[PDB]
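This report refers to the structure that appears directly beneath it.
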Amino acid sequence: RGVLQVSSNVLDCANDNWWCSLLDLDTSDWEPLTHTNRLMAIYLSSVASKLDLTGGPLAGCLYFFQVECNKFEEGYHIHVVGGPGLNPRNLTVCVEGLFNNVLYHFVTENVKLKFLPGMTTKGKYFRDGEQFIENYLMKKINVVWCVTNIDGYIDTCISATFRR
Amino acid sequence: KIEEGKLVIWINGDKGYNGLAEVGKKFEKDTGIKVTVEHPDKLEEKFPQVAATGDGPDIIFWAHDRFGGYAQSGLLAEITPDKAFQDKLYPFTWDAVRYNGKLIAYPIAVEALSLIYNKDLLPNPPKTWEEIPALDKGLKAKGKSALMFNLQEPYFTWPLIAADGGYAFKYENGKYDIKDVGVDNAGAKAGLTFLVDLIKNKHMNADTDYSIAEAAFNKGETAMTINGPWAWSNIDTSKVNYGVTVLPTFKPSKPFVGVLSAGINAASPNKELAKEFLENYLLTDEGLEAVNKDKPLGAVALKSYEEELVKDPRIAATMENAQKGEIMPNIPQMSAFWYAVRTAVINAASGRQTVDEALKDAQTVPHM
Ligand SMILES: OC[C@H]1O[C@H](O[C@H]2[C@H](O)[C@@H](O)[C@@H](O)O[C@@H]2CO)[C@H](O)[C@@H](O)[C@@H]1O
Ligand SMILES: [Zn+2]
């Protein structure tokens, strides 16, 4: 598990390829979106889509994405929660590559994201993503958007009703 | 709601909560403190959600696998039983409740699924799983069915799944390696493929749950079920002449062994009242006795009363199954395991996924 920071600048650099998608943002059980909130939805949805048909180390992986407002700065952070061939030695590079390659098409300047992997106090990578999802991310209601391919959270992750 | 000077005790609905209440009334008697005993649904998920800030209970009862999570999130008070008391209980039982050097709950009893058969409908219960299809066809002829047990909770399915080599986390040098899951090895894939095929071949129905199979067996519409000790009170009431025996082999079935434990909410004011109730009213010969008489506990962690319970052929059948299974880990990753193999089991029985897909998934889930 980790986090990617998304500065306010990244949203300023958005282009029309980013904004003009009809993709189904199902807000029937959610809260409405603001233009930059909707930008994060569309990004998460499209990173998810590209992940689904991405090979190499990321083949066959399970993922949980969640984008929130930064509470004390402008901008957003994305929560990212594994798979075979996904290990501590390639995890950062593979997660940065996935997200930068989708975003490259959506911004008017060169912008790169950085992935900060959740570590223990004893310097070890965290390997609790699932109880993280279960005990933290699904309890937020403060949560802008969320996409996942993990069975059982596929429907509930964009339920306001459930999280409540 | 919790209050200073009163005890609130949660405990699951299949166990002898009434008999525990009788122990709380004896406690109320001797001290003036009212005990109340409550059996909510899903209490192993309700407690972590409300213990810190909401209305948690004073004392919480469950198998020892969930406490590692609780004590990591710090929802749990220390326990302080002295050497004199520690000696009254079995060394292995105190091990199941020891987490990061510290005892984090009061052990109570040892649980393990067994095979429960209807002697009238089946005088020689099958020793092997593979005999079960043939036995279900010879029993569908007579108007019955060979076997029905709860297929929703992975607790029941697992024994078959670990039989040929499935496991949760690789236990090596006293330490569970959470990097090393074995839910997708050959031996697990075989265990589960056998279970799905029993559903394809109409020998079991993927929709069967705890309520449905307890009714089929307690009414005599099936010859066999899989269940733990708590289940014998209602079978006694139904007059079925039953027997409790070793679980079928596959290709022994290793069940995961539970130690029913009591923990103490960090949000209790009555941490010393709880400690007195458990050490001096419940984990006594009479106290355990009062609970066992409502719904059996299995093999109690108190030596002095386990010595009488084990003369019961059923309790030796349960310890037999326990010796072939494994003590559940307690580490916090165990809720992520149980999440992963519950999903795979329900998706492969219902057809939503193949055995190979649904196990490739629950291989990644528990150690992201
Ligand atoms: O179903 C997975 C389940 O396994 C264990 O739950 C058992 C428990 O040991 C028994 O006391 C009994 O009442 O039935 C339960 C099955 O629902 C684990 O304790 C639990 O964490 C896990 O979810
Ligand atoms: Zn956050």
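Just so you know, the sequences run in chain order B and A.
Count the first sequence with the entry's author numbering and you get residues 5 to 85, 87 to 146, 149 to 171, in order.
Count the second sequence with the entry's author numbering and you get residues 2 to 252, 255 to 371, in order.
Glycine is no exception: its CB is placed at the ideal position from the N, C-alpha and C atoms.
Could you say if the segment 94 to 107 of chain B and the segment 56 to 65 of chain B meet the contact criterion of at least three C-beta pairs nearer than 8 Å?
yes
Between B:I46, B:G88, B:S11, which has its C-alpha nearest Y80 (chain B)'s C-alpha?
Position 76 of the first sequence holds residue 80 (chain B). The shortest C-alpha separation from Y80 (chain B) is found at B:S11.
Length of the line joining the Cα atoms of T246 (chain A) and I117 (chain A)
To locate residue 246 (chain A), count along the second sequence from 1; it is residue 245. To locate residue 117 (chain A), count along the second sequence from 1; it is residue 116. One C-alpha to the other measures close to 7 Å.
Compute the beta-carbon to beta-carbon distance between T250 (chain A) and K128 (chain A), rounded to the nearest angstrom, for a pair I have assumed lies under 8 Å.
Locating residue 250 (chain A) in the second sequence gives position 249, where the first residue counts as 1. Locating residue 128 (chain A) in the second sequence gives position 127, where the first residue counts as 1. About 6 Å separates the two Cβ atoms, so the contact holds.
Starting from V260 (chain A) and walking both ways along the alpha helix (DSSP H), at which residues does that stretch end?
Taking the second sequence and counting its residues from 1, the one referred to as residue 260 (chain A) is at position 257. Segment 259 to 267 is the beta strand (DSSP E) holding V260 (chain A); no alpha helix (DSSP H) there.
Would you report the Cα separation of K327 (chain A) and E23 (chain A), rounded to the nearest angstrom?
For the purposes of this step, residue 327 (chain A) is taken as the residue at position 324 of the second sequence. For the purposes of this step, residue 23 (chain A) is taken as the residue at position 22 of the second sequence. Cα to Cα, the separation comes out at about 35 Å.
Residue 184 (chain B) in three-state terms, based on DSSP
The structure shown does not extend to residue 184 (chain B), since chain B is modelled only from 5 through 171, so no value can be given for it.
Less than 7 Å between C-beta atoms, sequence neighbours within five positions excluded: which residues of the same chain meet that for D208 (chain A)?
To locate residue 208 (chain A), count along the second sequence from 1; it is residue 207. Excluding residues within five positions, none has a Cβ falling inside 7 Å.
Is there at least one Cβ from chain B nearer than 9 Å to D31 (chain A)'s Cβ?
Locating residue 31 (chain A) in the second sequence gives position 30, where the first residue counts as 1. So, not an interface residue.
Report yes or no: do the segment 25 to 43 of chain A and the segment 212 to 231 of chain A share at least 3 C-beta pairs separated by less than 8 Å?
no
I'd like to confirm something about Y156 (chain A): is its beta-carbon nearer than 8 Å to some heavy atom of ligand 1, or not?
In the second sequence, the residue the question calls residue 156 (chain A) occupies position 155. Flag set: Cβ of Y156 (chain A) near ligand 1.
Answer yes or no: does any C-beta atom of chain B fall closer than 9 Å to that of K180 (chain A)?
The residue you call residue 180 (chain A) lines up with position 179 of the second sequence. Yes, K180 (chain A) lies at the interface with chain B (some Cβ there is under 9 Å from its Cβ).
With a threshold of 9 Å between beta carbons, is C65 (chain B) in contact with chain A?
Position 61 of the first sequence, counted from the start, is the residue given in the question as residue 65 (chain B). It does: the Cβ of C65 (chain B) has a partner Cβ on chain A nearer than 9 Å.
Report the rounded CA-to-CA distance for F170 (chain A) versus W23 (chain B), giving the unit in angstroms.
Numbered from its first residue, the second sequence carries residue 170 (chain A) at position 169. Numbered from its first residue, the first sequence carries residue 23 (chain B) at position 19. Taking the straight line joining both Cα atoms gives about 45 Å.
Between which two residues does the beta strand (DSSP E) containing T226 (chain A) stretch?
One-based indexing of the second sequence puts residue 226 (chain A) at position 225. Residues 225 to 228.
So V348 (chain A) is in the alpha helix (DSSP H); what residue range does that whole segment cover?
Start at 1 with the first residue of the second sequence, and residue 348 (chain A) comes out as number 345. Its alpha helix (DSSP H) spans residues 337 to 353.
Using three-state DSSP, classify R170 (chain B) as helix, strand or coil.
The residue you call residue 170 (chain B) lines up with position 163 of the first sequence. Three-state DSSP puts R170 (chain B) in a helix.
Should the segment 133 to 142 of chain A be regarded as contacting the segment 315 to 327 of chain A, the criterion being three or more beta carbon pairs within less than 8 Å?
no
Quick test of your reading: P160 (chain A) and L114 (chain A), contact by CB under 8 Å. State the CB separation rounded to the nearest angstrom.
In the second sequence, residue 160 (chain A) corresponds to position 159, counting from 1. In the second sequence, residue 114 (chain A) corresponds to position 113, counting from 1. About 6 Å separates the two Cβ atoms, so the contact holds.
Can you tell me whether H83 (chain B) is helix, strand or coil according to DSSP?
As a working mapping, residue 83 (chain B) is identified with position 79 in the first sequence. Three-state result, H83 (chain B): strand.
Amino acids of chain B, ordered along the chain, whose beta-carbon sits closer than 9 Å to that of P316 (chain A)
To locate residue 316 (chain A), count along the second sequence from 1; it is residue 313. Chain B residues near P316 (chain A): none, gap ~40 Å exceeds 9 Å.
Beta carbon of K274 (chain A), beta carbon of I267 (chain A): below 9 Å?
Here residue 274 (chain A) corresponds to residue number 271 of the second sequence, with the count starting at 1. Here residue 267 (chain A) corresponds to residue number 264 of the second sequence, with the count starting at 1. Against a cut-off of 9 Å, the Cβ pair of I267 (chain A) and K274 (chain A) comes out as a contact.
Nearest candidate by alpha-carbon position, reference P155 (chain A), set A:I227, A:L312, A:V51:
Reading the second sequence from its first residue, position 154 is the one you call residue 155 (chain A). Comparing Cα positions, the closest option is A:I227.
Kindly indicate the opening and closing residues of the alpha helix (DSSP H) around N140 (chain B).
Within the first sequence, the letter at position 135 stands for residue 140 (chain B). Run containing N140 (chain B): 134 to 140, per the alpha helix (DSSP H) assignment.
Tell me, which residues are paired with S115 (chain A) by DSSP?
Here the question's residue 115 (chain A) lines up with position 114 in the second sequence. The partner list for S115 (chain A) (beta bridge, DSSP) reads A:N228.
Cα separation between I161 (chain B) and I3 (chain A)?
Reading the first sequence from its first residue, position 154 is the one you call residue 161 (chain B). Reading the second sequence from its first residue, position 2 is the one you call residue 3 (chain A). Approximately 36 Å between the Cα atoms of the pair.
Show which residues of chain A have a CB atom less than 9 Å away from the CB atom of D162 (chain B).
As a working mapping, residue 162 (chain B) is identified with position 155 in the first sequence. Neighbours of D162 (chain B) on chain A: none; closest Cβ ~13 Å, over 9 Å.
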